[PDB]
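Peer 1: First, the structure itself, so that you have it in front of you.
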Amino acid sequence: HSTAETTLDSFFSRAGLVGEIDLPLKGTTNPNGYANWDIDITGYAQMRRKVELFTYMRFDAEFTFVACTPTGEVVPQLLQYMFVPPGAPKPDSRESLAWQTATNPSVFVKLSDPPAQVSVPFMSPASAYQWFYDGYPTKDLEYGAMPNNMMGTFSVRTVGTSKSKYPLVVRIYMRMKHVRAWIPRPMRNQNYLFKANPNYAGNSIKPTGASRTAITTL
Amino acid sequence: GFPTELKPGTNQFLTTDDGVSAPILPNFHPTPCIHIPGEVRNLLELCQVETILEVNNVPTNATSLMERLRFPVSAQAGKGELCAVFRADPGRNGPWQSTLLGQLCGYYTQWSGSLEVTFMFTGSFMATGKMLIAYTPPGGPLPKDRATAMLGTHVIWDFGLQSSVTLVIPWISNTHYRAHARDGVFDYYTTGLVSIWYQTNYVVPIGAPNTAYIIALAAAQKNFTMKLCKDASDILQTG
Amino acid sequence: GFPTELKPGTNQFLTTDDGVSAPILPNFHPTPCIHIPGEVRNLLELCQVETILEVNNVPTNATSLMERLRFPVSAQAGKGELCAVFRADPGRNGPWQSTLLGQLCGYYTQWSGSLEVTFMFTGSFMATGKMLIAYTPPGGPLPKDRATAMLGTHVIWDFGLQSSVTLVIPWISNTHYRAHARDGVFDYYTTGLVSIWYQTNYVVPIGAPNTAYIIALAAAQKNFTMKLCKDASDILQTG
Amino acid sequence: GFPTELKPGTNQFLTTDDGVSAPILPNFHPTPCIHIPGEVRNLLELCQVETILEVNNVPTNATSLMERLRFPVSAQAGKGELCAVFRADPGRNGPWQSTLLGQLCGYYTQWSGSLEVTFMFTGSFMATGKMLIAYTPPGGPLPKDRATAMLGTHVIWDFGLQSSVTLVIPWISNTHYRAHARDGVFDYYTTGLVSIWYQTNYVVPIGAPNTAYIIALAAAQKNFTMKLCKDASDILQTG
């Protein structure tokens, strides 16, 4: 008789994995013992299609950080997680002064210390994050670009003047909370090709669902 | 200080624990929510919306995909002939996948409620005739012929009188668990069946096309429900 | 003791967590706060103060820096000529950097409110004439000539009658985000424009200088606001 | 924050600590409990139920196991002869193991209350006679003969008049501890005894079988109790 599970909040709860940073010792990948991750909630595959059910949305995100070595090991290493709000400058190097700009919230924690966890508010200067924008910002490559949907960047790095002694891997989970949505719309039935637009494969246009032989046979 | 003993589960990270965490920007006052039309609050609102049911889910040829939306009736079909058939399986493959209901059932594991299919005749205004639409509850095998289906819960539809008709499916329940291959799937079995027979033939005067199509629209009653969030999809965000 | 489970975020140091910490000197009674004139409580108090706007931000020659504060008008300028122009971009480079408002916008990311520029004629008392001051909202291109600017929101200023005049900028909003180079900047686009044309020429009797200067003073209305503390500066404490 | 000192026992896992833990599925609304007949709330409900006591626990031959349920009386037995005997040891081996009471005593360490055995004569309707049923409290040795048992707490049973009779065992208490081998067992000692003698012989008219059986049924009074959960069993889930 109850329908608590079919609510928006119920549907979008759960902290999913949306990011993974690699900080190897020897490597082509993030060679300066640091990394910048612009917040992308599409990071959880399944996500995109779920949110793209609505035209507008609003919510808060709870971020939880999981860090270990590639084998999932724990070591005595301290870390800095920096959140650079949109409009704030991300660090270009492992010594950029951005790391010390008070206006960039930062949180420190040892790998041993349990997961780091913080809540981030509804940033957008607009009244709601909008997944679809039918226009351009005052044939073009700026089509469908609602920038005021930026949540910010997360800069991660080993604390200290020198490179870390261990190879590290950070995982970022994100639980969406206090959700409100407007204007529902057709469930994506075609495969996604790009993170930006809704473009699809005009050759590989598949029928929404399983087909059959005749309309008289089951 | 104040005496305390830490209990198991201390320091653990539950991906579903809905506790509170520290606000990164304590002073920030997020831009106020203003009024926006059509806010959705509970998915079951969507489930009660009529979506086109691709009963005719047979053509796959890219340029004939629009054909899945409508099936047809013609003069050529003789009295009694079976026009079409399908099951009352919202979540399983087939016709229901096209409806919004179907797609939402996919993000859930269990469900139950009364459904409701509406048929729309889109033929010429001059055409007339009768179609028998029968429902065979779960278990009952598709009726042999029109007459045997005539004894079951049926509805004679005269599109000469009313261009629309809505059928109610009393009940469907995806609750019976199944562990086939080695992958456990909470499946139907309640495959209720909806058959449609040409009670009379398609009658038309000179000047009117001898074929017309019909559109299936389905939704669930207000007594519908779903349980167990289950994210599943073939479409995902590409690299 | 009392049962407890520690939750993630335990033992972390948030540079913005405003919790409480132990007082190093518990017995210390800090010297009492006495009354001091002009206490500031909220920065927006400052934003409503008139500061000199360096519209004439062109000379850089060290000894001519005082010249940026005032621009001039002269007999030589014929009727209709464009005296000067600038945008309503408090936070961006240019003229506004001189105003206090401008400098405060720099410690913030977003903002919006009505502005207000006041012009002061400092010429000889014997001089007279008219200046047309027009505002072209964001998007509208600088008016071709005086007459076309005459059709826009304008103000005829006769410094023969009143030595001061204040213009209100209805609205400016630095809200539209921009990710150009690879550095994301929440920029204007709302570059409202303020043009100033010689409606009539500069008229003076023998004995009075044929040039006079004007001073721009700006501030924001009480409806001004700012969001997102963002420390940024070229001037820092040297080693 | 708030000052605290962790006390010993912090971080320990007690298999019997009944604290609370985090719900894995916070949104899940488990299918509602509906009404089902015969709900049990406290095991002692079961202990008050009459179960067949296998007094005749002697045959082991697979096909004669049904014989343990009933013992017999016959013409051949002369007056005074001892029909049968057993103890009031619910939890220990022997007869009581068959009763449900007995099996439940096994999941517990201590207990006490009044018991109650009921005898049912299942012979021919034409048979008659008298049986003397005597109880010898704990300590008192099985009475030498019928007459000496006749002086103890006894009951003359004429199955010619009543086909059933119920005896009450005033009290039994498994409380006296014993550390024999090297394995400590909280044993009886209160082995109350129930003897049954042929007061008169078995009398029958021509046409009726010269043997009849009897069934023992036992349960405990409402004053029964048990203490110390102790899981113990010979039957376990096989690999």
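Each chain of the structure tokens is named A, B, ... in the order shown, its residues numbered from 1; ligands are numbered from 1 in display order.
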Got a sec to pull out which chain C residues are within 9 Å of chain A, counting only C-alpha atoms, and send them as a PyMOL selection string?

Peer 2: chain C and resi 6-16+109-110+139+175-179+183-187+189+228-232

Peer 1: Could you turn the residues from that selection into a file that holds N, CA and C atoms, as a tab-separated table (two decimals), in the first residue's frame?

Peer 2:
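Writing done, so here's part04.tsv:
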```
chain	number	residue	atom	x	y	z
C	6	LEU	N	31.24	5.83	14.64
C	6	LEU	CA	31.81	6.98	13.95
C	6	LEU	C	31.50	6.96	12.46
C	7	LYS	N	31.06	8.11	11.94
C	7	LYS	CA	30.69	8.25	10.53
C	7	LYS	C	31.78	8.93	9.68
C	8	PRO	N	31.86	8.60	8.38
C	8	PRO	CA	32.87	9.20	7.49
C	8	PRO	C	32.97	10.71	7.61
C	9	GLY	N	34.21	11.18	7.67
C	9	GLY	CA	34.45	12.59	7.83
C	9	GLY	C	35.04	12.74	9.22
C	10	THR	N	35.09	11.62	9.93
C	10	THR	CA	35.65	11.62	11.26
C	10	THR	C	37.14	11.88	11.08
C	11	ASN	N	37.70	12.71	11.96
C	11	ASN	CA	39.11	13.07	11.95
C	11	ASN	C	39.58	13.97	10.81
C	12	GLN	N	38.65	14.47	10.01
C	12	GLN	CA	39.05	15.33	8.90
C	12	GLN	C	39.12	16.79	9.32
C	13	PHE	N	39.90	17.55	8.55
C	13	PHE	CA	40.11	18.97	8.79
C	13	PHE	C	39.52	19.76	7.63
C	14	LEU	N	38.36	20.38	7.85
C	14	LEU	CA	37.75	21.18	6.80
C	14	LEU	C	38.14	22.63	7.09
C	15	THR	N	38.81	23.27	6.14
C	15	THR	CA	39.25	24.65	6.32
C	15	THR	C	38.10	25.62	6.46
C	16	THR	N	36.88	25.13	6.27
C	16	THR	CA	35.71	25.99	6.37
C	16	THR	C	34.74	25.52	7.44
C	109	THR	N	32.61	36.28	-6.58
C	109	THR	CA	32.44	35.64	-7.89
C	109	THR	C	31.22	36.12	-8.70
C	110	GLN	N	30.09	36.31	-8.03
C	110	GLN	CA	28.87	36.76	-8.71
C	110	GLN	C	28.32	38.02	-8.04
C	139	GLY	N	23.72	44.47	-25.03
C	139	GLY	CA	23.36	43.96	-26.34
C	139	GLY	C	23.28	45.10	-27.35
C	175	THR	N	26.38	36.93	-14.14
C	175	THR	CA	25.88	35.60	-13.80
C	175	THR	C	26.17	34.58	-14.89
C	176	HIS	N	26.32	35.05	-16.12
C	176	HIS	CA	26.59	34.15	-17.23
C	176	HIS	C	28.03	33.61	-17.23
C	177	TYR	N	28.16	32.32	-16.92
C	177	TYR	CA	29.44	31.58	-16.83
C	177	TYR	C	30.19	31.49	-18.19
C	178	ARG	N	31.53	31.46	-18.16
C	178	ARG	CA	32.37	31.35	-19.37
C	178	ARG	C	33.63	30.50	-19.11
C	179	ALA	N	33.84	29.47	-19.92
C	179	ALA	CA	35.02	28.63	-19.77
C	179	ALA	C	35.86	28.76	-21.04
C	183	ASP	N	40.48	28.20	-18.18
C	183	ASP	CA	40.26	28.88	-16.90
C	183	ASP	C	38.83	29.45	-16.89
C	184	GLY	N	37.93	28.83	-16.12
C	184	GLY	CA	36.54	29.28	-16.06
C	184	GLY	C	36.26	30.58	-15.31
C	185	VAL	N	35.76	31.59	-16.04
C	185	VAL	CA	35.44	32.91	-15.47
C	185	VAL	C	33.96	33.35	-15.57
C	186	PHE	N	33.26	33.43	-14.43
C	186	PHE	CA	31.85	33.88	-14.38
C	186	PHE	C	31.86	35.37	-14.82
C	187	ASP	N	31.75	35.60	-16.14
C	187	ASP	CA	31.80	36.94	-16.75
C	187	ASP	C	30.45	37.68	-16.94
C	189	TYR	N	28.67	40.20	-19.88
C	189	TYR	CA	27.99	40.06	-21.19
C	189	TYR	C	26.98	41.21	-21.18
C	228	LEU	N	29.74	34.21	-3.41
C	228	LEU	CA	30.95	33.42	-3.59
C	228	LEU	C	32.27	34.09	-3.25
C	229	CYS	N	32.65	34.09	-1.97
C	229	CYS	CA	33.92	34.70	-1.62
C	229	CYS	C	35.01	34.11	-2.51
C	230	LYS	N	35.82	34.98	-3.10
C	230	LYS	CA	36.91	34.56	-3.95
C	230	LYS	C	38.07	35.50	-3.76
C	231	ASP	N	39.04	35.07	-2.96
C	231	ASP	CA	40.22	35.88	-2.71
C	231	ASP	C	41.06	35.84	-3.98
C	232	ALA	N	41.41	37.02	-4.48
C	232	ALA	CA	42.23	37.12	-5.68
C	232	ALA	C	42.93	38.45	-5.57
```

Peer 1: Using only C-alpha atoms and a cut-off of 8 Å, which residues of chain C sit close to chain D? Please list them as a count of residues only.

Peer 2: 4

Peer 1: With a distance cut-off of 12 Å and only C-alpha atoms, select the neighbouring residues of range 132-136 of chain C, excluding the residue or stretch itself and same-chain residues fewer than 2 positions from it, and output the selection as number ranges by chain.

Peer 2: C: 79-88, 116-119, 129-130, 138-159, 165-171, 190-201

Peer 1: If you run DSSP on this backbone, which residues of range 50-195 of chain B come out as alpha helix (DSSP H), and could you give them as a list in words?

Peer 2: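 Listing alpha helix (DSSP H) positions across range 50-195 of chain B yields residues 100, 101, 102, 103, 104, 105, 146, 147, 148, 149 and 150 of chain B.
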
Peer 1: Please produce a file of the residues just selected, as a JSON list (two decimals), in the first residue's frame, where the atoms kept are C-alpha atoms.

Peer 2:
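Result file result_6.json:
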```
[["chain", "number", "residue", "atom", "x", "y", "z"],
["B", 100, "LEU", "CA", 6.91, 4.95, -20.49],
["B", 101, "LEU", "CA", 5.47, 2.61, -17.91],
["B", 102, "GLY", "CA", 7.61, -0.17, -19.28],
["B", 103, "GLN", "CA", 10.83, 1.87, -19.08],
["B", 104, "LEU", "CA", 10.18, 2.84, -15.48],
["B", 105, "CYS", "CA", 9.44, -0.74, -14.46],
["B", 146, "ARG", "CA", -13.44, -15.91, -31.67],
["B", 147, "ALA", "CA", -16.37, -17.77, -30.14],
["B", 148, "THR", "CA", -14.34, -19.31, -27.30],
["B", 149, "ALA", "CA", -12.80, -15.89, -26.67],
["B", 150, "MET", "CA", -16.38, -14.60, -26.79]]
```

Peer 1: Residues at most 12 Å from residue 127 in chain A, counting only C-alpha atoms, excluding those fewer than 2 positions away in the same chain, as a list in words?

Peer 2: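 Close residues of residue 127 in chain A: residues 56, 57, 58, 59, 122, 123, 124, 125, 129, 130, 148, 149, 180, 181 and 182 of chain A; 30, 31, 32, 33, 34, 35 and 36 of chain B; 175 of chain C.
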
Peer 1: With C-alpha atoms retained, write the just-selected residues as an mmCIF file, in the first residue's frame.

Peer 2:
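Final file, again_17.cif:
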```cif
data_model
loop_
_atom_site.group_PDB
_atom_site.id
_atom_site.type_symbol
_atom_site.label_atom_id
_atom_site.label_comp_id
_atom_site.auth_asym_id
_atom_site.auth_seq_id
_atom_site.Cartn_x
_atom_site.Cartn_y
_atom_site.Cartn_z
ATOM 1 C CA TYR A 56 15.014 20.811 -14.881
ATOM 2 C CA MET A 57 16.388 19.623 -11.543
ATOM 3 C CA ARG A 58 17.800 20.882 -8.268
ATOM 4 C CA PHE A 59 19.738 19.135 -5.482
ATOM 5 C CA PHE A 122 23.049 23.972 -5.380
ATOM 6 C CA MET A 123 25.618 26.149 -7.154
ATOM 7 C CA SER A 124 24.002 27.257 -10.384
ATOM 8 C CA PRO A 125 23.197 30.992 -10.571
ATOM 9 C CA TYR A 129 20.153 22.825 -13.279
ATOM 10 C CA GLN A 130 18.725 22.225 -16.726
ATOM 11 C CA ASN A 148 25.470 27.728 -15.418
ATOM 12 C CA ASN A 149 25.271 24.025 -14.595
ATOM 13 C CA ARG A 180 13.186 18.501 -7.115
ATOM 14 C CA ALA A 181 12.400 17.969 -10.810
ATOM 15 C CA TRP A 182 10.255 19.563 -13.500
ATOM 16 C CA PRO B 30 22.203 29.299 -3.209
ATOM 17 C CA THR B 31 20.021 31.101 -5.742
ATOM 18 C CA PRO B 32 16.313 30.765 -4.623
ATOM 19 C CA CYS B 33 14.025 28.188 -6.194
ATOM 20 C CA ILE B 34 11.335 29.955 -8.234
ATOM 21 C CA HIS B 35 8.153 28.481 -9.632
ATOM 22 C CA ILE B 36 8.461 26.150 -12.580
ATOM 23 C CA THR C 175 25.881 35.601 -13.804
#
```

Peer 1: Using DSSP assignments from the backbone, pull out every residue in chain A that falls under strand (DSSP E or B) and give it to me as a ChimeraX atom specification.

Peer 2: /A:7,15-23,34-38,54-68,78-84,106-110,116-120,129-130,153-158,168-184

Peer 1: Any chance you could export the current selection's C-alpha atoms as a short mmCIF file (atom, residue, chain, number, x, y, z; two decimals), in the first residue's frame?

Peer 2:
```cif
data_model
loop_
_atom_site.label_atom_id
_atom_site.label_comp_id
_atom_site.auth_asym_id
_atom_site.auth_seq_id
_atom_site.Cartn_x
_atom_site.Cartn_y
_atom_site.Cartn_z
CA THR A 7 9.58 9.19 -4.96
CA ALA A 15 26.03 7.33 -3.26
CA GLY A 16 27.33 6.23 -6.62
CA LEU A 17 30.86 6.20 -7.95
CA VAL A 18 31.38 9.16 -10.25
CA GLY A 19 35.14 9.62 -10.17
CA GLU A 20 38.48 7.84 -9.92
CA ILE A 21 41.89 9.53 -9.70
CA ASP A 22 45.15 7.75 -10.41
CA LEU A 23 48.35 9.00 -8.88
CA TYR A 34 48.09 15.80 -8.35
CA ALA A 35 44.88 15.91 -10.40
CA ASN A 36 41.88 18.17 -11.21
CA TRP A 37 38.39 16.69 -11.53
CA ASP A 38 35.62 18.93 -12.81
CA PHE A 54 13.45 15.57 -16.55
CA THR A 55 14.12 18.95 -18.08
CA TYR A 56 15.01 20.81 -14.88
CA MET A 57 16.39 19.62 -11.54
CA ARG A 58 17.80 20.88 -8.27
CA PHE A 59 19.74 19.13 -5.48
CA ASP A 60 22.64 18.88 -3.04
CA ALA A 61 25.48 16.40 -3.27
CA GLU A 62 27.22 14.50 -0.54
CA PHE A 63 30.72 13.51 -1.50
CA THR A 64 32.61 10.69 0.07
CA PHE A 65 36.28 10.01 -0.71
CA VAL A 66 37.89 6.62 -0.81
CA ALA A 67 41.66 6.44 -1.16
CA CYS A 68 44.12 3.51 -1.19
CA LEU A 78 48.31 12.54 4.15
CA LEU A 79 46.15 14.08 1.39
CA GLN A 80 44.63 17.36 0.36
CA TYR A 81 41.30 17.54 -1.36
CA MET A 82 40.55 21.03 -2.66
CA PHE A 83 37.25 22.18 -3.97
CA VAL A 84 37.54 25.08 -6.36
CA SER A 106 40.15 22.21 1.33
CA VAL A 107 40.02 19.23 3.62
CA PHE A 108 42.87 17.14 4.84
CA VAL A 109 42.81 13.55 5.97
CA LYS A 110 45.14 10.59 6.41
CA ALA A 116 36.34 12.09 3.89
CA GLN A 117 32.81 13.43 3.50
CA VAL A 118 31.30 16.82 2.62
CA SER A 119 28.10 18.32 1.24
CA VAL A 120 28.06 20.71 -1.69
CA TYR A 129 20.15 22.83 -13.28
CA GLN A 130 18.73 22.22 -16.73
CA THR A 153 36.29 21.30 -9.56
CA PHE A 154 37.91 18.93 -7.13
CA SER A 155 41.68 19.12 -6.96
CA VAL A 156 43.49 16.24 -5.27
CA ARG A 157 47.12 15.84 -4.30
CA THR A 158 49.54 14.31 -1.81
CA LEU A 168 47.60 6.16 -5.03
CA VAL A 169 43.99 5.81 -6.17
CA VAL A 170 41.13 8.04 -5.07
CA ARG A 171 37.49 7.19 -5.69
CA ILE A 172 34.71 9.75 -5.47
CA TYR A 173 31.18 8.81 -4.59
CA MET A 174 28.25 11.14 -4.73
CA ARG A 175 24.86 10.89 -3.09
CA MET A 176 22.27 13.29 -4.44
CA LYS A 177 19.94 14.77 -1.81
CA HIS A 178 16.91 17.12 -1.57
CA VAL A 179 15.88 16.59 -5.19
CA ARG A 180 13.19 18.50 -7.12
CA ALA A 181 12.40 17.97 -10.81
CA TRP A 182 10.25 19.56 -13.50
CA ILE A 183 8.98 18.91 -17.00
CA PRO A 184 9.37 15.14 -17.56
#
```
